[PDB]
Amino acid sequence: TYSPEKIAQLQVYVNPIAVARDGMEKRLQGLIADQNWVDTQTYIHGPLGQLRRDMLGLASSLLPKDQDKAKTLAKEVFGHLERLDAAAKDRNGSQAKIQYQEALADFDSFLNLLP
């Protein structure tokens, strides 16, 4: 089980990951709608640039029975964000919208598994 002290440790990683989730829907969604590909790329590298470190550090801190699912879901989020960055470099708004939605779906799955 997750003790209170353990949960507090997990929260150090949760804090920036939750803000990242909020920022994807509040800010990145509108940059993509705006066909603003320069700032879409910067959003991924600045405001979301620590997501790989934080979500992997979180998943690696979980009880053994949950580490695998959490790592798998994190890697899905990273692959769709990678494809969203590629889409923006290519000015491909069709893929930028798809990859945004796909990244969010797996990001929500990752959050939902947390204790």
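From 1 onward, residues are counted along the sequence shown.
For the segment pair 31-39 and 61-69, the entry gives 61-69 the higher mean B-factor, averaged over Cα atoms. Judged by mean Cα B factor in the deposited record, 5-13 ranks above the other of 101-109 and 5-13. Per-chain ranking of the deposited C-alpha B factor places residue 45 in the middle third. In this PDB entry, residue 26 carries a Cα temperature factor that places it within the highest third of its chain's modelled residues. When the modelled residues of the chain are ordered by C-alpha B-factor, residue 83 sits in the lowest third. Ranked by C-alpha B-factor against the other modelled residues of its chain, residue 52 falls in the highest third.
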